[PDB]
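Asker: So I've got this experimental structure, pasted below with the sequence.
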Amino acid sequence: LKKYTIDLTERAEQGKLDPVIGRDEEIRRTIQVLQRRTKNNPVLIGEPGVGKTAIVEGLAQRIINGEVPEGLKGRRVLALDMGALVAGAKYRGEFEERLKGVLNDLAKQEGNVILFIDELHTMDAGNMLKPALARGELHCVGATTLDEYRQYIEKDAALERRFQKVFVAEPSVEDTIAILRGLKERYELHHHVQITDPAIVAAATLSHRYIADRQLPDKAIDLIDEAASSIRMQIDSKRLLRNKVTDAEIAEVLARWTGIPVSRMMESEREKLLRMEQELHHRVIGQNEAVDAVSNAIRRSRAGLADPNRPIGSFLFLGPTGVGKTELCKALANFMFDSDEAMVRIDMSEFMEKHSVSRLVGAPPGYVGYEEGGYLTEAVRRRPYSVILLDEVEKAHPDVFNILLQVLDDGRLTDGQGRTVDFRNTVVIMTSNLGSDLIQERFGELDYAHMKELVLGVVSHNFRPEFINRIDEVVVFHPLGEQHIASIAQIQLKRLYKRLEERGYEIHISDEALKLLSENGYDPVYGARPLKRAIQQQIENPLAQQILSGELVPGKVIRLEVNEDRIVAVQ
Amino acid sequence: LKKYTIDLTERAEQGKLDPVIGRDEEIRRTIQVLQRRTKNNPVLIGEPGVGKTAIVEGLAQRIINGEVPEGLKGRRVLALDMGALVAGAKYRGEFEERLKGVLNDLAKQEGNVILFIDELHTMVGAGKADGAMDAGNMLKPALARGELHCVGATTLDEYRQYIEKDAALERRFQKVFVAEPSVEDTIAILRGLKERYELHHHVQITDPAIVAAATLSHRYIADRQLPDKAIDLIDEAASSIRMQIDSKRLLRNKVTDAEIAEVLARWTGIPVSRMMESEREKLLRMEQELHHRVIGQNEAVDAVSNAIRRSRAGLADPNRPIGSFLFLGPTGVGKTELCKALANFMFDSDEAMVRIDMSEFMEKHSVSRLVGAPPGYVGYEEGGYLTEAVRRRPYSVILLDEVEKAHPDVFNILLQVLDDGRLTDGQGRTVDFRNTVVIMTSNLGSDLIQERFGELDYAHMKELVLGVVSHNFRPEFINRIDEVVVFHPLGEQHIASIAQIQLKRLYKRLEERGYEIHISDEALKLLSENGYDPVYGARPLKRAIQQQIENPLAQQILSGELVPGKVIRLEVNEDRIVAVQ
Amino acid sequence: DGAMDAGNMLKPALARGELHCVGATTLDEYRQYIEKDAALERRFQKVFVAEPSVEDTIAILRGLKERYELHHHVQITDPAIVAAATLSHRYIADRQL
Amino acid sequence: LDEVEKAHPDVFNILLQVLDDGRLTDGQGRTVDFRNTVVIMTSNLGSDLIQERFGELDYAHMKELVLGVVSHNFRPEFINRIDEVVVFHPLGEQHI
Ligand SMILES: Nc1ncnc2c1ncn2[C@@H]1O[C@H](COP(=O)(O)OP(=O)(O)OP(O)(O)=S)[C@@H](O)[C@H]1O
Ligand SMILES: Nc1ncnc2c1ncn2[C@@H]1O[C@H](COP(=O)(O)OP(=O)(O)O)[C@@H](O)[C@H]1O
Ligand SMILES: Nc1ncnc2c1ncn2[C@@H]1O[C@H](COP(=O)(O)OP(=O)(O)O)[C@@H](O)[C@H]1O
Ligand SMILES: Nc1ncnc2c1ncn2[C@@H]1O[C@H](COP(=O)(O)OP(=O)(O)O)[C@@H](O)[C@H]1O
């Protein structure tokens, strides 16, 4: 009288119920599937929350209270017994006599009571229950993932005659909100535990902004119970306690593997004075042309106002290439993602094949290579975070020109196989390499508001008037002078400093000594690409010549001399 | 034997088997094979959901009820499962002791047992690990000696690449082809099976919901086979109504075709559900509902709305698409816009218009991009641009844009879609255009269409343009077109009515932001000077919002007097327009 | 035949309720050796904990050096501690920090 | 990696991870560090372009001439991850 008897009258006697809130059009689906006789086995597929707990607690609520009479109620079904199957059985084959005895002797009353079985994926998933499922015995409620469903339950053929994929879509933030609405039946009457409104949402907002590889509600019910365990054990660690529940309880639990505090995890209405001066302006004091996209074009995007089907956050940003684009697309990702993952560069410069059809926005059939294709074909299926560049589109023959008009408008959203692409959180920096190549020489009297109307007015509409008729905001990047790269040639040398103090050499360099490099440094054609090899050929390959020779001993700082026709820093 | 093989014959004595209706030529041919001396092994070759598992359940019901010959009288139909034989077979020859345990129990039965191996292809290469196969190589002597009576039931392409590759096992089975029943042959299937679903659901199922469970399944569900979806639909509908009596004559239990097409609209997306909607309001106003978003073009809508009424009355050719149109005429007149309207009428989504631009098919090598590459060539398993798109949406308006810019050898690809509604892919699969509307815009006579529209009233643009310059020299393509449609160019009467739905669909959301604008009547001809074009058409009107109305807000930010919240006007002056707060 | 249940026997303390577990073991050996036993990993939920850092294992090495200075009778110098954590992290790849 | 231009272009995506990070994923999912190897790729893409170098090409413009022929064969993300593209001159009479 122990194993195969579960009485569901007890569930209101002990309060053993965790109520489901949010899923009703995805659980009444698993009562539509279950009520059939062909394919009457719902297997619940996806992220958690249901798992044979929504149909069993959402079943006694409509019978015992008494709005409907007794001539209609009577759908009293039962639930899973799984615990004592493998445990307590010793032999080979005498384990099997318990599983055949649990299904055959529930037929003592000619089908008076029916039964569900839960969580069938393991193999008990079609080795000992397969005649028990094919004989039309009783119907069960499965629960798999999506990939473990196509491991076991769909490349079979005799099992999908009864099972069918029931997918649940990714849930709200209000999943654990009502978990702590009812559960004060157990918390305040005997322990007086309060958890405030900004403390339930705090452990649940971690999905669309913080980390998006993991599901929400597994990360919500566990990071509240650890934050609520504060009082009874920190009083046993051998004005007294904040009884006002704030963001502090979750932050001790959440930030014990990151290192970033509360201060930028709840970016809010007044927090936008605090999110101006954190990481963008300590690595470099500057790069304040692109701060406009987070100041005036941010009000209609992050307050529930992001309309994806017309560009509102698309602030246009121009310049040359290799000159500061790729760092800011990483440093704005460093300002957002707390790390480095934005690797995007698109140029239409030096490739002449018929493969420029797939680099647009995807390949229609008749091609080779859909797995990579173009770069933007793969940059949403990898992860939805990428900052799209557009360079050097102005050179090919004019049959290829006007295909840039189709994506920027509200005509069709242009995905590839049925799942979405990014329309809301992308700043597009493009590159203008028209006659701004002779202007890079001097930094005296450069135009900010004389540049784009009188220079561009007479040079654009001779060959093509359909390019700048839309695009008009032109402001230049930094002109390549002396001291603005003397900061940049210090950034690449200070990662040579840390490369060198690991072996005991601290090298200094003067304002005179690093503009010795500037005669062999930058290129107006490539940007700041020949800066790094100029560090190798001028100092770093002569430096390793002297570290190995032993004439630069660790400990003594060395200075330079001006000398004969090859310029190296010797004693 | 009793550990693996489900006994179908004692599952028929309890009444647990589905009543099998019909199949008496495929059951008799099965018994004709099951009574052979050697190789008495039928294989019920069909397709998924044809009824080949419910043929042996109509053979096992037949042995008990006794309509079998003497010789099959009193047999047992055991349903061997090759998934329960490779179930826990970890070690060496744990599988082979399961067959040779089953095969030696079948020899103790001295031929009184029929063995139903459902899905024989799961037997080809079962416990195969070491080398030589172990399931259809252990049965191979007792299959050829006429010893174990093996009713197989596989599908035809699972027979083709599993059982036909073992040519020594392919001969031990006799193909009893189970063709799927027709739409009238599955009503009698479902008329007798309806009571087995009435007793399970406690739900009354009318034969109106059964005569329409099969005509709507066959017409609209094309991937499945017929007595699998027609019984899926009634089981889904009886479970949809089983909610309405549990929780919350007018609280009904009856299934009618209202509930059957509602489940099928919830499956595929075709809303032909009930005419108690505004469809009675819609079926004769089918020509003027297009006029809501196709301004003018009375010859255009009376060709497309009369052709898609011709098929909703069941009167059109079922070996031909719903409409085959040649929309030759000027650019920006209602050519591409009507097909969006025709998709937003028939399949009520203008995203169901498969636009194909035939300037991408300028040269002759680029014709296997539409139809698919042959076997062995690049882009074979990808498919074609037209055939795979119609396999995505078989219910779509195909727009073939500027077909005069195609190669002449792409109209040859487009002779079979028009004549028969078929196009074979490069992989030998045929796609079915019988539900699509193939509309083909062109600019081949547009120089002579535009000059004579206010001269030759409504019919002489059709005649006499064909033969001097236009398409008659390649004559096989003209007569396959359903209606050749010429487009009269737009005057000022239409572009005033065409330039009113620019923001009409976005109008129904953006009121509380601070925008509601009524019609201003002074800047009407500012857009009617660049937009109303006799030569280039009304397509520069879409740039006449991107160039005329939307400019001095989104770039005039930094000066510091114009801020949004005030609705702009336009008046006829030399203004460089102002905006007062 | 009837054996092979060293962990199965433990679970009659889970029938008691007395069975308790803090799984700290090899992760992929926790996957394929706890394969069929769902009654050993009932709701043991994914909470992060693994290898440290280079400056975290310098504190490991600085407190453990007295066991290695007295086993070998050498004087492990604090440059050798930092260089053992930085260079092994950089160069040795198959091993953990 | 000699005769590198004869490799299929799906081998350069595998080779790119070597020059990007120093890592390369084994087909069993093992990460192999290449940060202490010297990876040399021998190719002759600009073969008939260096045979005319003896007139007015002293390895500065000649480096950019062969990197025009090579950029038609290798991806631009691949060539920038190469530390040093080296152009070999043809051997004179005194070298033989
Ligand atoms: N002639 C028939 N009379 C009565 N019921 C039928 C008939 N044909 C099919 N059915 C029923 O319709 C369904 C058809 O499924 P099956 O009989 O298994 O066909 P099937 O060919 O085996 O499909 P698969 O893909 O191989 S499982 C079952 O529920 C049958 O009971
Ligand atoms: N919508 C929801 N309503 C109520 N509880 C939820 C909801 N979503 C998640 N949960 C909680 O999250 C936990 C998920 O755990 P579990 O159901 O074991 O995961 P799985 O479904 O993957 O087996 C449950 O304990 C449940 O209480
Ligand atoms: N703020 C900056 N100002 C100038 N140059 C920079 C800055 N940040 C990075 N760089 C330079 O950009 C170079 C990389 O540019 P390049 O290789 O031409 O383009 P990409 O990285 O997009 O391929 C680095 O060598 C670095 O010196
Ligand atoms: N007969 C018409 N009815 C309704 N709108 C029209 C008509 N003719 C032109 N238009 C408008 O003109 C625009 C034409 O744009 P576009 O599609 O670029 O031209 P085309 O159809 O020639 O390719 C459409 O957006 C449409 O709103």
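Answerer: Cool, the structure landed. Numbers count the residues shown, from 1 in each chain, chains lettered A, B, ... in the order given. Ligands and ions are numbered 1, 2, ... in the order given.
Asker: can you list the residues that contact stretch A:303-315?
Answerer: Stretch A:303-315 has contacts (Cβ atoms under 8 Å, 6 or more residues apart in numbering or on different chains) with A:292-293, A:297-301, A:408, A:410, A:413, A:423-428. (C-beta placed from N, C-alpha, C; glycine too.)
Asker: Could you export that stretch as CSV, CA atoms only?
Answerer: Extracted as CSV, the C-alpha positions of stretch A:303-315 are listed here (Å, rounded to 0.1, in the frame of the first residue of the first chain):
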residue,chain,number,x,y,z
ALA,A,303,10.9,52.9,-22.7
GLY,A,304,8.7,50.4,-24.5
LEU,A,305,8.8,52.6,-27.6
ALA,A,306,11.0,50.6,-30.0
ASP,A,307,9.1,50.3,-33.3
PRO,A,308,11.3,48.0,-35.4
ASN,A,309,9.7,48.7,-38.8
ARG,A,310,11.1,52.2,-39.3
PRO,A,311,14.6,53.4,-38.3
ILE,A,312,14.5,55.4,-35.1
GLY,A,313,17.8,54.4,-33.3
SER,A,314,19.6,54.2,-36.7
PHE,A,315,21.9,57.2,-36.2
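Asker: buried sites along it?
Answerer: Using 16 or more other Cβ atoms under 10 Å in any protein chain shown as the burial criterion, the residues of stretch A:303-315 that qualify are A:311, A:312, A:313, A:315.
Asker: Backbone torsions only: list them for the last one.
Answerer: Meaning residue A:315. Backbone torsions of residue A:315, given as degrees, to the nearest 10, read phi -90, psi 120.
Asker: Over to residue A:493?
Answerer: phi -80, psi -30.
Asker: how about it, what does it touch?
Answerer: Going by Cβ under 8 Å, 6+ apart, residue A:493 touches A:509, A:514, A:535.
Asker: So it versus chain D, what's the distance?
Answerer: Per Cβ to the nearest Cβ, to the nearest Å, residue A:493 is found 18 Å from chain D.
Asker: for the stretch 1-150 of chain A, what spans make up the strands?
Answerer: Using DSSP state E, counting those that start in this stretch, the strands of the stretch 1-150 of chain A run over A:41-45, A:142-144.
Asker: Can you tell me which of these is nearest to residue A:368?
Answerer: Among these, the nearest to residue A:368 by Cβ to Cβ is strand A:41-45 (34.5 Å).
Asker: Each with direction, which strands does the closest one pair with?
Answerer: Note on strand A:41-45: by DSSP bridges, its sheet partners are strand A:142-144 (parallel), strand A:163-167 (parallel).
Asker: For residue A:537, give its distance to residue D:81.
Answerer: 19 Å (Cβ to Cβ, to the nearest Å).
Asker: nearest residue to residue A:331 other than its sequence neighbours?
Answerer: residue A:280 (6.4 Å; Cβ to Cβ, 6 or more residues apart in numbering or on different chains).
Asker: Could you pull up the residues touching that neighbour?
Answerer: Listed by Cβ under 8 Å, 6+ apart, the contact set of residue A:280 reads A:287, A:291, A:331, A:332, A:334, A:335.
Asker: Just the buried ones among those, please.
Answerer: Listed as buried from the contacts of residue A:280 are A:287, A:331, A:332, A:334, A:335; burial here means 16+ other Cβ under 10 Å.
Asker: wait, isn't the first one in contact with residue A:328?
Answerer: Spelled out, that is residue A:287. Yes - the criterion here is Cβ atoms under 8 Å, and residue A:287 meets it with residue A:328 at 6.0 Å.
Asker: does whichever residue of the stretch 351-500 of chain A sits closest to ligand 3 count as helix, strand or coil?
Answerer: Nearest to ligand 3, among the residues of the stretch 351-500 of chain A, is residue A:488, at 4.3 Å (Cβ to the nearest ligand atom). State at residue A:488, reduced to three classes by DSSP: H, G, I helix; E, B strand; the rest coil: helix.
Asker: contacting residues for it?
Answerer: A:528, A:531.
Asker: do residue A:40 as well
Answerer: Contact analysis of residue A:40 by Cβ under 8 Å, 6+ apart lists A:33, A:34, A:139, A:162.
Asker: Any residues of chain A in contact with chain D? List them.
Answerer: Residues of chain A lying close to chain D (Cβ under 8 Å from any Cβ of the partner chain) are A:345, A:347, A:349, A:350, A:351, A:352, A:372, A:529.
Asker: Tell me, how many residues neighbour the closest residue to the last one other than its chain neighbours?
Answerer: Using Cβ to Cβ, 6+ apart and skipping residues adjacent in sequence, the residue nearest residue A:529 is residue A:322, 5.5 Å away. Using other Cβ atoms under 10 Å in any protein chain shown as the criterion, residue A:322 is surrounded by 18 other residues.
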